[PDB]
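Engineer: Following this message is one structure expressed as structure tokens.
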Amino acid sequence: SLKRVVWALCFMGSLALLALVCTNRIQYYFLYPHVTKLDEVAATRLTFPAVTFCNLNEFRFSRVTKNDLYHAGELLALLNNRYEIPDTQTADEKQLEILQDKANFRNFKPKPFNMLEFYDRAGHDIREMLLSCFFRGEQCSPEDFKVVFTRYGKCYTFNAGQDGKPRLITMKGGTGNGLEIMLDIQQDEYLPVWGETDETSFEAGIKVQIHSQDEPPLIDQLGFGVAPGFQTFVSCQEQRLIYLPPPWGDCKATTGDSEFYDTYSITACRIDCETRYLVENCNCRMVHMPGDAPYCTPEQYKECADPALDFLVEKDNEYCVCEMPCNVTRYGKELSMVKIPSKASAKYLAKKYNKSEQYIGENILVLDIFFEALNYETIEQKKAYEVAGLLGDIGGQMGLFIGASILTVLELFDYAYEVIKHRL
Amino acid sequence: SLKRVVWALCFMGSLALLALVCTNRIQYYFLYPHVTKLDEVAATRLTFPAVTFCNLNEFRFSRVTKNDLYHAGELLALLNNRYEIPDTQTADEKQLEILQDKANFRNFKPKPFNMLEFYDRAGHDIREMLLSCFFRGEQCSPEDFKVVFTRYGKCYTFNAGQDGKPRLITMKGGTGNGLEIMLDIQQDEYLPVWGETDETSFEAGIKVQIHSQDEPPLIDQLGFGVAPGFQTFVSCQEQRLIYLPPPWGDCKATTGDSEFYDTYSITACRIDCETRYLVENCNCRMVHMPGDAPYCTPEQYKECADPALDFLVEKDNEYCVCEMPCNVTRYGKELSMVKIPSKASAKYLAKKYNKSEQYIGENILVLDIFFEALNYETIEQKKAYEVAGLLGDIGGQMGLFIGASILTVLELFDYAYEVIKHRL
Amino acid sequence: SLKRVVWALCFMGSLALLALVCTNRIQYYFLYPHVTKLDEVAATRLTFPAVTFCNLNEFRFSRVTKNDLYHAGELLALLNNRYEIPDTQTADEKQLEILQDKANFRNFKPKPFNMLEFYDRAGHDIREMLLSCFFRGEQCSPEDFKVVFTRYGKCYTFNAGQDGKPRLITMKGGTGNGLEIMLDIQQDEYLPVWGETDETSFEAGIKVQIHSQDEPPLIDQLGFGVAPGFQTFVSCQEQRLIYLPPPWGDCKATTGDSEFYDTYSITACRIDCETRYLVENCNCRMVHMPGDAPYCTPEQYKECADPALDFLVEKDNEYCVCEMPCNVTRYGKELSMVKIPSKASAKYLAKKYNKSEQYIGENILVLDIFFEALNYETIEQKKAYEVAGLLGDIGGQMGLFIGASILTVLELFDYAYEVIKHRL
Ligand SMILES: *[C@@H]1O[C@H](CO)[C@@H](O)[C@H](O)[C@H]1NC(C)=O
Ligand SMILES: *[C@@H]1O[C@H](CO)[C@@H](O)[C@H](O)[C@H]1NC(C)=O
Ligand SMILES: *[C@@H]1O[C@H](CO)[C@@H](O)[C@H](O)[C@H]1NC(C)=O
Ligand SMILES: *[C@@H]1O[C@H](CO)[C@@H](O)[C@H](O)[C@H]1NC(C)=O
Ligand SMILES: *[C@@H]1O[C@H](CO)[C@@H](O)[C@H](O)[C@H]1NC(C)=O
Ligand SMILES: *[C@@H]1O[C@H](CO)[C@@H](O)[C@H](O)[C@H]1NC(C)=O
């Protein structure tokens, strides 16, 4: 009886250890773990990304009118609260006299107003910004950019891909085979800053955001700055990330049928959620937001929409729920600078563009964007432990400890069935 | 006999292959492999990191005295070896006459000295550096910084979290919802550099290190530079790395009860090990090192402590053994620049701060630190092959090749036990 | 009969599920998946990488001759098509009169020419560039650099490791324990740019590429720019990547016996493939390409070799097939800037180097390269699913569902063999 009892106790301990590691692997499985696969796939044809940039000015000074104050000088830091010029201590002569010429406001008939007219006309001409465009050694045109509207205002996009245009591709690396543009930020047309404000942008330069053709730009939250007086080499590395759907990951695996973007991205969910909340509140929308809804005369931006953004970012954080898409494609960047002009390259530019050497020194940048090498990194989340390997590990453990199988369990049911006649 | 012999030879080869792949998986297991899990977890509340910065000057020139030479001009590149001014060829008039006014050294009674008095008084006032502080659009105060002492000297920290203060959080991305500070590096108060030295810092600007509230700053080895004349956008990405303990990884999994830091980090182990070695050697410690031990009058820094650092970094590399902690939180950064001021924003600053336009051109920077997006990357080392999957794979292999189990092995012992009576 | 039939149907369904998940794991196996292992290994001795830099000028102006035009002014943007000066509108006086002095071309005997003589003599002296070299606080020498030839021309390399020199190592982090060099890009010696060109480099500064001693530099496609007037801190992080051979990965696992590089890299395959294609075409090679083949008088570069590069990059993309090597070692970099000189450090430099303060303001940079910390990241592709775990999972599944083994299959063959006598 004793040796059989020892055999039985070893069977009990073996079954208990089997149950322990089996629960270990089950509890491992229902965490749905996932691991990371990195890759560096070289390829010949690479889609050159969409470049987007805003000048740090919202709008030029010479292209506003007494109209454009009289509706819109309230929000845009040009009036007082009682419709007059703010404290203009130590101002330039003609700079103040043109503004005071606009600041009569006497017997003024109003004009039927929109913010989109103002951001169209008072903004920057790209034909007065784009000095020299180059792409793969071929001269590109100012009409090849695309106008968008951001929080900064009228902004531009190269290689947008929209309006049926083919996405531009590169065939070689290096700084010569990229986008090489020469821009003039036009510091003579910046806003008068004799008023005091907490958001008074003392800086000068450009803000550039690199993004795919998929997503709309989000320059306020994603872009990087580029100063004038420097050619800026921007090394780019394409990264094709693939995430996972839930339970494993967090992907909006659907097509993402948003109201205003047929394609889906993380920024599109953001901008459409904030759009939808504002159209819910103030019956009209901001200029950087799409919609069939109208825009508002600018009292309703500082009166209605801005505190809706404040309670939206503060208290209504649950009102926007955005899942990251699966096949995201980002662009790593590496910024480096060289100074421009030289002591030899100055006088040619000054003769060429009819400006002073001071103007060339403090008003021109050269944005230079190119891939470092013709390869894209691939960051995929692989499912670490599928149901098949679960069945393999459980079956291996049950093969080791008890040695039984599902056939053995079913014949155990049949052996109980032959014992079931004794109970009845 | 033949068919049974073939069955036996196939059993032998099957057992040998089983032993081969079993040794393959065992040798795989005792390497303790581990793989990488990347994640991008979005969240609403993010702890804004601790910002720390040193001006590149060690101490202002106007706040030193004939005292401060007479003890301390030896180490601090202001005396000769025989207590006189070094070679001051092509010096400014009053700049040299004030130093020579300090350089009489005639009938000088000494003064009871410390290095901490000198770095307190001769350093930079933060109230004479911090022009405008902003955080989330709310104006922060100069009293909200914290004074620390580094190798560069008196340095400052925003959002330190110490002295029971709550760690500051952000609720939105973009450059407006971050830390926006305007600083004056005060190039008029830099050191006279008419002496020659190999460590003669010809540069000018600020050095900034971003770190968690956990670790003390290590600006000499971790910080990045920021030049004046540029608003510098600093994109930040929080990364929560989780490593593994040994055998798998290299983690000090304990609480790390260091003598001078209750919390544990890699920099704390470094600074306490170097502290402990110096308190072992020179009976007193440097200013950037904590301790209950005193400091030294500056002959003992260039006489005792510096070659202890030299043999410490060179020969005593085994005297400091620092393991990286488990749940490290780093901050990826991306630097971009825009130029400041504009041609419009100059005269307002010059009127505002009572300085020349040259002063604004070459003396002011704007440090701008913000998260790119409200998400933190997660780099975890998962154990690749635990003991449970080991038992599963071994049990699966033994289920395939020989088909036996541990029950079969124990009954093989019992079958030998029934054969054990034949031997005795 | 019924209960046996139910046992048989459960055996059929169990066998079918077994076949399903078995095909799932086989199809998983022949994808050869691989996952990523990240590591951060700290170590004392780190090999300091090879630094390479080109001035953005190809060659100095004062070191060319009427010779050097008369052969070589055609390609090098100094002649017209009919051997005369291009449009020199708004030129400096002596700058144009020296060129016109070279531009007589009257009764000119030619001179036996090479491009390597011209890039040797007309380029930049490193002894007229390297103002102050420092490494680990020890002054390095201008003879410790190494001359190479790139597309930019005569370029230099620190810590090249070639000619039997030991690779330099660092023992401490921080900006003091790295390479600290002070350079003068010499904007007075840049090319006259009164001619118009699409590749007219208006910029000024230096281009620096950090690389291992293994690979030759590829500065046109890999380097980053550094402007003058800034000390540039370059944080470096060593990364030892290990890829996999095919089928798993894409590695040239062999030694890579290229014709001109005994060691193998990705850039070596590129430069030797383009070399081999050009030696196939124009019987002589460019200067940035190695070879026993000669070089060409410069009509054959703009006549033969450049369109061979054009059809090479465009149509002959299949003519170069380069696999990435296994144990690649890259160097992550992080660029930050501080301004140099100060208002105190100017006059010492101007007295020291016999130049104006304007010269110091717009002609000197300080390249500063150092490791952030004494640790290297390790990005290894581990094989995710080897043949051993395949046998374990299949054996576990066959242990679960049918419970059979390979012994059971062989005894099934023997049971068929006992049934094989009934057929014959
Ligand atoms: C989305 O991912 C699939 C592969 O899973 C690919 O076919 C498609 O091109 C991806 N889309 C984008 C925009 O990258
Ligand atoms: C050049 O600029 C000056 C002043 O800006 C102007 O008077 C002149 O007409 C301009 N000439 C050309 C050709 O643009
Ligand atoms: C340390 O890691 C644990 C999770 O393993 C977490 O609870 C804790 O907040 C972490 N500490 C820090 C400082 O990140
Ligand atoms: C402004 O600066 C000048 C010289 O620096 C000084 O004399 C004057 O008192 C200052 N005034 C104010 C209001 O700070
Ligand atoms: C190549 O990798 C092996 C380890 O697999 C190592 O011994 C060798 O040093 C590596 N070579 C280089 C140049 O990193
Ligand atoms: C300094 O430079 C001037 C002009 O460049 C020259 O005449 C003089 O000889 C130089 N002196 C020395 C000592 O280099």
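So for chain C, numbering is Swiss-Prot's, and the shown residues are 41-464, in order.
Recorded method for this deposit: electron microscopy, 3.7 Å.
Even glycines carry a Cβ here, placed using N, Cα and C.
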Engineer: Among C:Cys195, C:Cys362, C:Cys366, which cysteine does Swiss-Prot link to C:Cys291 through a disulfide?
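Structural biologist: As annotated by Swiss-Prot, the paired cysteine is C:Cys366.
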Engineer: Roughly how many angstrom lie between the C-alpha atoms of C:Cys291 (disulfide bond) and C:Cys360 (disulfide bond)?
Structural biologist: 16
Engineer: May I ask which of the recorded positions C:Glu80, C:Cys195, C:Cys336, C:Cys362, C:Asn394 is closest to C:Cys344 (disulfide bond) if we compare their C-alpha atoms?
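Structural biologist: Minimum Cα distance from C:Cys344 (disulfide bond) across C:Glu80, C:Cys195, C:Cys336, C:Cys362, C:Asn394 lands on C:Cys336.
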Engineer: Give the helix, strand or coil assignment DSSP yields for C:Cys362 (disulfide bond).
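Structural biologist: It is coil.
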Engineer: Give me the non-local Cβ neighbours of C:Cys324 (disulfide bond): same chain, 6+ apart in sequence, Cβ-Cβ under 8 Å, ordered along the sequence.
Structural biologist: C:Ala333, C:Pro334, C:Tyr335, C:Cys336, C:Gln340
Engineer: Give residue numbers and ranges for long-range contacts of the transmembrane segment (C:425-454): same chain, 6 or more residues beyond its ends, CB-CB under 8 A.
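Structural biologist: Distal contacts: 51, 54-55, 57-58, 61-62, 65-66, 68-69, 72-73.
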Engineer: Long-range same-chain neighbours of C:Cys322 (disulfide bond), Cβ under 8 Å, sequence gap at least 6?
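Structural biologist: The list for C:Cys322 (disulfide bond) reads C:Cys336, C:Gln340, C:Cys344, C:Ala345, C:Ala348, given in order along the sequence.
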Engineer: With C:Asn367 (N-linked glycosylation site) as the reference Cα, tell me which of the recorded positions C:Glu80, C:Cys94, C:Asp356, C:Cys360 is the closest one.
Structural biologist: C:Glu80
Engineer: What is the separation, in Å, between the Cα atoms of C:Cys195 (disulfide bond) and C:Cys173 (disulfide bond)?
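Structural biologist: The separation of the Cα atoms works out to 16 Å.
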Engineer: At the level of the C-alpha atoms, what whole-angstrom distance separates C:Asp356 (site 'Involved in proton-dependent gating') and C:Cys309 (disulfide bond)?
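Structural biologist: The Cα atom of C:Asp356 (site 'Involved in proton-dependent gating') is 15 Å away from the Cα atom of C:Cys309 (disulfide bond).
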Engineer: Among the recorded positions listed here (C:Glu80, C:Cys313, C:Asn394), which has the Cα closest to the Cα of C:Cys362 (disulfide bond)?
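Structural biologist: Going through C:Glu80, C:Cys313, C:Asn394 one by one, the Cα closest to that of C:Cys362 (disulfide bond) is C:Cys313.
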